[PDB]
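To keep things clear, I will list the structure first and then write my remarks on it.
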Amino acid sequence: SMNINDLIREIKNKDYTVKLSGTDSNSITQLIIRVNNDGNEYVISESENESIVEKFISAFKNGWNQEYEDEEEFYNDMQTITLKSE
Amino acid sequence: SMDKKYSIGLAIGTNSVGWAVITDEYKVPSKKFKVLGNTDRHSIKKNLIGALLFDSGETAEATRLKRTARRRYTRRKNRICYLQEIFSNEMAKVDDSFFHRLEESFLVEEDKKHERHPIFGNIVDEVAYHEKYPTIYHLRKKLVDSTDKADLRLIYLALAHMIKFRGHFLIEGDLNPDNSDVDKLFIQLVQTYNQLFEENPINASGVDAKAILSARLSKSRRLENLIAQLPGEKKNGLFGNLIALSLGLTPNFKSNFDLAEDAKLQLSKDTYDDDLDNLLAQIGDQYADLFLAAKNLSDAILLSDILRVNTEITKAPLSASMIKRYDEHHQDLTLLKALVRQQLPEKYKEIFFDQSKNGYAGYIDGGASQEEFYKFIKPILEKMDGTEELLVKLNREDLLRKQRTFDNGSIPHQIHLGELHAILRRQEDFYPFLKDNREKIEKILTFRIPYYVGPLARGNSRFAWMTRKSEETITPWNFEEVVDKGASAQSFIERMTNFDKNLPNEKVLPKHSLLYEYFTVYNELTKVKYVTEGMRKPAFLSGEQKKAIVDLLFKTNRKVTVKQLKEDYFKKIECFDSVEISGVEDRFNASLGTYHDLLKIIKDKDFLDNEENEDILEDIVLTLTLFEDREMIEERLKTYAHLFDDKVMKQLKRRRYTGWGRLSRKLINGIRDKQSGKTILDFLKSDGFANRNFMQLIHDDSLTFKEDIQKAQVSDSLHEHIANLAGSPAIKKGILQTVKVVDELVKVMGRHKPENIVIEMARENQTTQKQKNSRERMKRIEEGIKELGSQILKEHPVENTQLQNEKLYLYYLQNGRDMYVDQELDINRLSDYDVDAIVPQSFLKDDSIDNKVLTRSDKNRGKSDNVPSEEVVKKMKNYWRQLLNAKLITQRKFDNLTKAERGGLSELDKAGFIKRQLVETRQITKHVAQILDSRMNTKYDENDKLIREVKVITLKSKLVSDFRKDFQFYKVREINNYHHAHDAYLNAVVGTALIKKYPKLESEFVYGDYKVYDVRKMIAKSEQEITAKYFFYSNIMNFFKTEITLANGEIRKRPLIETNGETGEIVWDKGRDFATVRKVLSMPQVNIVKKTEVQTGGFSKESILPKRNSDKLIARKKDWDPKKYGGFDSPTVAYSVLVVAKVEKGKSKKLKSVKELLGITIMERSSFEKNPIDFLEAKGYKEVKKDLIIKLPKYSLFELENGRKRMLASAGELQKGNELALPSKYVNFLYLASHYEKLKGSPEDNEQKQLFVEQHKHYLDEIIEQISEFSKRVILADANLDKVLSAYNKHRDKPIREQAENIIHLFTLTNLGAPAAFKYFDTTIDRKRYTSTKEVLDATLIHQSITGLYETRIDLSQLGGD
RNA sequence: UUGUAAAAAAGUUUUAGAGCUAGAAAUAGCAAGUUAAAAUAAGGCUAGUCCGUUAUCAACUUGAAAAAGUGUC
Ligand SMILES: [Mg+2]
């Protein structure tokens, strides 16, 4: 597939500031993507059953979801990332 | 009450700090707190429990790489300026606006102050120049080879191109076969390989590697052709994969090194350098030279392929080769068009015009990479006839290449210097100033600031240390006579030394220190045992034997193996026949590598063994670690010119070393044991019966080492102490917040200090979660089952994902047999069988596989309360041995199984379990404890002994995690953030209860110097002995339980009220005190605070975007209108600012009043902070009310109607501000229901738990009503809640476990923070964003202190008026 | 286990590499492409071949800044 550090690398290559947070044993780990640098932030947190990379792919494989116009580009960029992992 | 004594609990993490105050009865107090501000609220009662949340602290690395990129651009820029300085006066006589035209070449024609054609100034000469010189390499070859006088502008352009793009500095001196040729670099690779595998060398005698590796075949073909010449070597062996790495392929080194997870490597990947670091982490730093030598050869092959070298000799081989590539590109392009035009003419448009496709137009004009272009045309070539040649070129990666391209980093600067120098010699007679500056101009290209000099500062750089010996501008030409090289290097060494943790004020040694490496061999050598014919027990190595081994094996070879040990030494020096070795596996990991490097170079075995010269050699290694500047190495070795020949002197400098170790020379061979006068290394050599290593010798409290280490660690300010920690920058941030919480809580509690501070610290870097360990599980079985010669994996297929079932793992680990009876288990009936603890729960809570076995019935262990019976041990020992030799059980697990042979569990065993339970092994937690302790305990008594008013206590998280599962105080992190606070409370409970029951155990878990009690003396010899002897059943958390069940089903009852017998104090009332704990965990008012911060870092997204007439783009320079030039998008808001002012609403210029929220970008910040009203006035606003300008950083908190809260993510987006306090009863239901299967416990209650979830299926509907009433009130995502409410209906009849698992997903609708997508079964809920901040401007802004106990509430609706 | 020094190759952006034939245009047909300059955080004053993305930050009082205070018998 691809792992969490691959995914972070790919998102950064699309010119998005992205942070992995919560990597304590105490906190739930969360991928946070700064979509626009103005408060829009796309958060994928890890579940016990399903992982961040799994959630990312199932969320962005079919491209944009038409919800917010200021995110159409962001969904296209994330979709191309899904294709990469084959 | 009246009691004022209290204790503090803490849960330090990298994104959170939980804290709690407790009283002697484990209650959390409640106090009224003054509420400041302008509202009607003047006080609230708050519970003293909560948690601070914060963004991760970040490393200085990203900042550093951006800093070094800037210095590189600045200095490249300056090389060009130096050249132009040299050219200016003569260029002026030739073309007086030429340098002007290049300076302004970027401007649109409207803005150019000169004529738009840079080189010549008119269209005719420019068009002709380009036809004559289609690439800069045609100009370079012509200028290198011709003897004509040339135009001074063309001479400039060729020099500038070599000086601006001057190539690499990886090779020192002139190029020659040994630093540049494929054959020589190949030899070095096999020499390096044969150095690490003496037993199985590569013999490459006839092997023409230059021809095989430099040929014009694909990469995989050259790998085959090379390996075909090495009988014994598979293509994917270690050497083959090294050659594959050298050729640009991506070998997988996993199977080479018998790793669990694969280790793919590719030298060109941006990730390569730490992909290699992660490989070397596993296999050993010893292999670093191997991958380095593979890397050097890689460069020599790439450069070989770039220089199509031949005997049409030029002085311009590189330009010549690029011209050839230009022409070949042209021919193949012409043919490609023809073949397409003939066979696929409908694809012509796409391939050559459509630059959004990855064909030729995308390749030249549309950003497509070479790799992408090849992937696009290859199917098309394969469709056409006459494409065989082109496809060969493609699969060789040599089709239609450009000249500026990714290979070029393997071009040494010495090549550009070659052409640069030739050109000057051609023209220096037609232009005397070129002759007079020839060496000045070549210096510009070759000079390089040495590492050890650093930035050439003059007072105003925090990174600089360089030292002048003349106050004048340093240039490439005056450097050696202006820079004080000696003093700068001295300062370099000081700054670059790390000090010994164990004993500060002592520098650490190089990682390749001969002492470090002697130390490391003797520390491995001291745990090695043996047996031979006629011996009672497995004996240790006599120091006289260790000394003889290091002299005949380690000082003669690089790797010593159990074979040459058992054969070359035992059976050839000690007259043995067959010696069992039992401390060392295949070979020795440590080595005297440096000894052999110096033996090979210096060729003087006596010199090296004379432990009189050991300072000379260590200083040599020291110099080759600190330095790479051969000129500075020459100066620092000048003293030993008498000692060594110019042949070995030369070879020394060319040998490099990198790396530091952890220890100082004084630690290893400095401090001496008082009574013995033995240094540490002195002990590793001789020690008699007991053969201790290093970690023992430090830990050993019977010697003087541990005491002096402590006496050593002695350390001013607070941020000093925190910078000085071995820790990630995230944890240091969390530590500093933790200190601030403790201070604030002290204030809250009347400035009275606590009785105890209990600390627990999270483990970092638990990133991967779930798969990594499950391949290890498969790795262990495959090696072990094979080691047994078992047919169990053919009879029963292998799949590493059901290896996470612990019963199935143990089944395979035990070769499919009962661990307690010589019988077989049924793999299909594992549900009938019991997992059993070797050491029972009553002595220790060890639930790892190390302590578990699978038996058809746990009654097969025997009838003891102990380890399994003597009978089992006599019957099964020989089967356990096989499992041990095959690594299917650890040694430790073998000793526990067989313990009944040695009497069972001794007091010594129990004393160790007790240490294992209390003692926190991590160094970082000890330094946190020392900071807190140094802060709280400041006073000294009448005898100058520190008065420890506050006891700071460190708990292993396992104690509280086990407490939670034992007494069903379950935690579900997804519900809300309370669990951080609850953890701190629970630490306070357990730590303070522990310190009451077990005062004599203080030294094990309270910071400071206490009486150290022989714990053995506290252990009762029998249960009847129960007097002042604490433990029979070694599990220290037993006093919380009311009954404990022993390993034979017997039940031991304890009193309801537990007391310390020695001191009379009550420590736990099982009625009262559990209810206290439950009552605390169910309190809905917990102070959860998210720390507010200004945003720092980059101004914006980094893409340099094409021009738009969108005014949203940010210009890259002051006068570059992005409507003409492009620029940047999406700036970053440092903070938002509340602005009340007037604006104009029309042509009348009449003033409407406004109250707005303005984001200040990081870029705008200084401007705004210098003249805020001038800044605001220039943005529109007038009549600004300066006294109401409120800085609103990220996460600023607001409260609206009905306790609904929002946090500020920026000036134009909000985050959720509320926490959903689900009642404690629903929490444990969710945990039990969603773990209904994976339950872990006694069937007697694991069945009782399952009936609890069955009889509370109605909690499902109650929890949903909780979610729904919270959401209608504060989430305000109506459509979303309608969707989840129906989705809960569509599945009301799915199993309880399944509905509970999905109800947990539902809490991301309600979580604090940014709204996030989630699922409920198949239904997907899209996040409802809060894209309007308007409502916040009439709400209550809540300033919070770090605990949230102290607040100022500002009602913003009172602003906007007078 | 942090922190730091030296260098290189790409990439991007704007400009320069006179596009041609036919046509009243719209447009169609073709030719062509591989290179270069310059910027690469806006910039700053201390003007260095220096510095500019880490750390640090509730509110309020006092300080230049470490830091010290304010809510509590
Ligand atoms: Mg600059």
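Chain A is the first sequence line, chain B the second, and so forth, proteins listed ahead of strands; every chain is numbered from 1. The basis for the numbers below is simple: all heavy atoms, side chains too, and nothing from hydrogens, waters or symmetry mates.
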Worksheet item: Taking CG from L157(B) and P from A36(C), how many angstroms apart are they, rounded to a whole number?
Response: 11 Å

Worksheet item: Groove contacted by the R1116(B) side chain at under 5.0 Å, major or minor?
Response: minor

Worksheet item: Looking at the side chain of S1345(B), which of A58(C), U14(C), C50(C) is the nearest nucleotide?
Response: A58(C)

Discussion item. Taking the sign of the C1'-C2'-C3'-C4' torsion, positive for north and negative for south, which way does the sugar of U53(C) pucker?
Written reply: south

Item to complete: Could you check if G29(C) and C20(C) make a Watson-Crick or G-U wobble pair, where both distances must be under 3.5 Å?
Response: yes

Discussion item. What I want to check is whether an N or O donor and acceptor connect the side chain of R448(B) with the base of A6(C) at under 3.5 Å.
Written reply: yes

Discussion item. On RNA chain C, compare the nucleotides closest to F406(B) and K1118(B); which residue's is nearer the 5' end?
Written reply: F406(B)

Discussion item. Suppose we call a contact any N or O donor and acceptor under 3.5 Å apart; does that hold for the side chain of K337(B) and the base of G33(C)?
Written reply: yes

Discussion item. Using a heavy-atom cut-off of 4.0 Å across all strands, would you classify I123(B) as base, sugar-phosphate, or nothing?
Written reply: base

Worksheet entry | Nearest-nucleotide pick for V127(B), side chain only, options being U12(C), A18(C), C30(C) | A18(C)

Worksheet item: Could one point to a donor on the side chain of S105(B) or the base of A37(C) with an acceptor on the other under 3.5 Å away?
Response: yes

Item to complete: May I ask you to check if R71(B) and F463(B) form a cation-pi contact, with NZ or CZ under 6.0 angstrom from the six-membered ring centre and within 45° of the axis?
Response: yes

Discussion item. Of the options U34(C), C50(C), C51(C), whose atoms approach the side-chain atoms of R71(B) most closely?
Written reply: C51(C)

Response to the item:
When rounded to whole Å, the CD1 to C1' distance for the pair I171(B) and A7(C) reads 14 Å

Item to complete: With the 5.0 Å threshold in mind, work out if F106(B) uses its side chain to reach into the major groove or the minor one.
Response: minor

Worksheet item: At under 4.0 Å between heavy atoms, what does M496(B) touch on the DNA or RNA strands: base, sugar-phosphate, or nothing?
Response: base

Worksheet item: For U53(C), which nucleotide is its Watson-Crick or G-U wobble mate, given both distances must be under 3.5 Å?
Response: none

Discussion item. Taking the six-membered ring for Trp, are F492(B) and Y451(B) closer than 6.0 Å centroid to centroid?
Written reply: no

Fill in: Listed nucleotide nearest any side-chain atom of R462(B), set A5(C), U54(C), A10(C)
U54(C)

Discussion item. Has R468(B) got a side-chain atom pairing as donor or acceptor with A457(B)'s backbone, closer than 3.5 angstrom?
Written reply: yes

Worksheet item: Has the side chain of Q403(B) got a donor or acceptor that lies under 3.5 Å from a partner of the other kind on the base of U34(C)?
Response: yes

Worksheet item: Could you give the CG-to-P distance, from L745(B) to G71(C), as a whole number of Å?
Response: 16 Å

Fill in: Chi class for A28(C): syn within 90° of 0, otherwise anti
anti

Discussion item. I need the CZ-P distance between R1165(B) and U56(C), as an integer number of Å.
Written reply: 14 Å

Worksheet item: Does the ring centre of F1099(B) sit less than 6.0 Å away from the ring centre of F1128(B)?
Response: no

Worksheet entry | Donor/acceptor link under 3.5 angstrom from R751(B) side chain onto base of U72(C) | yes

Practice prompt. Please state how far atom CZ in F499(B) lies from atom P in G3(C), giving the value in whole angstrom units.
Written response: 18 Å

Worksheet item: Can you find a donor-acceptor pair, distance only, under 3.5 Å between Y451(B) side chain and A6(C) base?
Response: yes

Fill in: Nearest atoms (heavy-atom pairs only) where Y82(B) meets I474(B)
OH-O, 4.4 Å

Practice prompt. Evaluate the base stacking between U40(C) and its strand neighbour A41(C) against centres under 5.5 Å and planes under 30°, returning yes or no.
Written response: no

Discussion item. If the cut-off is 4.0 Å, is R67(B) near the phosphate of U4(C), judged by side-chain N/O to OP1 or OP2?
Written reply: yes

Worksheet item: How is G750(B) classified with respect to the nucleic acid when contacts are heavy atoms under 4.0 Å: base, sugar-phosphate, or nothing?
Response: base

Fill in: Any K77(B) side-chain N or O less than 4.0 Å from OP1/OP2 of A39(C)
yes

Fill in: Nearest-angstrom distance from the residue atom NZ of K1117(B) to P of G52(C)
16 Å

Discussion item. For a quick test of reading the model, state the closest non-hydrogen atom pair linking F120(B) to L154(B) and the distance between them.
Written reply: CZ-CD2, 3.9 Å

Worksheet entry | Sugar of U46(C) - north (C1'-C2'-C3'-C4' positive) or south (negative) | south

Response to the item:
Ranking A8(C), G33(C), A16(C) by distance to the side chain of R79(B), first place goes to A8(C)

Practice prompt. Can you tell me the pairing partner of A9(C) across any strand shown, Watson-Crick or G-U wobble, with both distances under 3.5 angstrom?
Written response: none

Discussion item. Between the base of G48(C) and the side chain of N460(B), is there a donor and acceptor pair under 3.5 angstrom?
Written reply: no

Practice prompt. Grab the CG-P distance between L626(B) and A6(C) for me, whole Å please.
Written response: 17 Å

Discussion item. From the set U40(C), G71(C), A32(C), return the single nucleotide nearest to any side-chain atom of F352(B).
Written reply: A32(C)

Worksheet item: Using centres under 5.5 Å plus planes under 30 degrees as the test, is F169(B) stacked with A7(C)?
Response: no

Worksheet, complete the sentence: Side-chain contact check for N78(B): nearest option of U49(C), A10(C), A38(C) is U49(C)

Fill in: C45(C) sugar pucker (north/south) via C1'-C2'-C3'-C4'
south

Worksheet item: Which part of the nucleic acid does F54(B) contact within heavy-atom distance under 4.0 Å: base, sugar-phosphate only, or nothing?
Response: nothing

Practice prompt. Test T1347(B) against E744(B) for side-chain hydrogen bond (donor to acceptor under 3.5 Å, both in side chains), laying out the working first.
Written response: CA-CA 7 Å; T1347(B) 62; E744(B) 183 152 286; 2.4 Å; yes

Discussion item. Classify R70(B) by what it touches in the nucleic acid, base, sugar-phosphate, or nothing, heavy-atom distance under 4.0 Å.
Written reply: base

Discussion item. Tell me whether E1169(B) is salt-bridged to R1165(B), with the criterion being a basic N under 4.0 Å from an acidic carboxylate O.
Written reply: yes

Response to the item:
Among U12(C), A42(C), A41(C), the one nearest any side-chain atom of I1104(B) is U12(C)

Worksheet item: What is the distance, rounded to the nearest whole Å, between atom CG of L336(B) and atom P of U34(C)?
Response: 16 Å

Practice prompt. Look at all strands and tell whether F165(B) reaches a base, only sugar-phosphate, or nothing, counting heavy atoms closer than 4.0 Å.
Written response: sugar-phosphate

Worksheet entry | Residue mapping more 5' on RNA chain C - nearest nucleotide basis, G167(B) or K732(B) | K732(B)

Worksheet entry | For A16(C), the Watson-Crick or wobble counterpart (both distances under 3.5 Å) | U35(C)

Worksheet item: Is the aromatic ring centre of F1099(B) closer than 5.5 Å to the centre of the six-membered base ring of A41(C), with the two planes inclined by less than 30°?
Response: yes

Practice prompt. Decide, yes or no, whether a salt bridge links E58(B) with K19(A) under the criterion of side-chain N to carboxylate O below 4.0 Å.
Written response: yes

Worksheet item: Taking N and O atoms by type only, does the side chain of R76(B) place a donor or acceptor under 3.5 Å from a partner on the base of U40(C)?
Response: yes

Item to complete: Tell me whether the sugar of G33(C) sits north or south, going by the sign of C1'-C2'-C3'-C4' (positive is north, negative is south).
Response: south

Worksheet item: Is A10(C) in the syn or the anti form, by the rule that syn lies within 90° of 0?
Response: anti

Discussion item. As a test of reading the structure: which of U14(C), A41(C), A36(C) is closest to the side chain of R404(B), going by heavy atoms?
Written reply: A36(C)

Practice prompt. Give one of base, sugar-phosphate or nothing for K112(B), where a contact means two heavy atoms less than 4.0 Å apart.
Written response: sugar-phosphate

Discussion item. Under the convention that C1'-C2'-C3'-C4' above zero is north and below zero is south, what is the pucker of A9(C)?
Written reply: north

Worksheet entry | Sidechain N-carboxylate O distance under 4.0 Å for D299(B), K295(B) | yes

Worksheet item: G19(C) and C30(C), Watson-Crick or G-U wobble pair at under 3.5 Å for both distances?
Response: yes

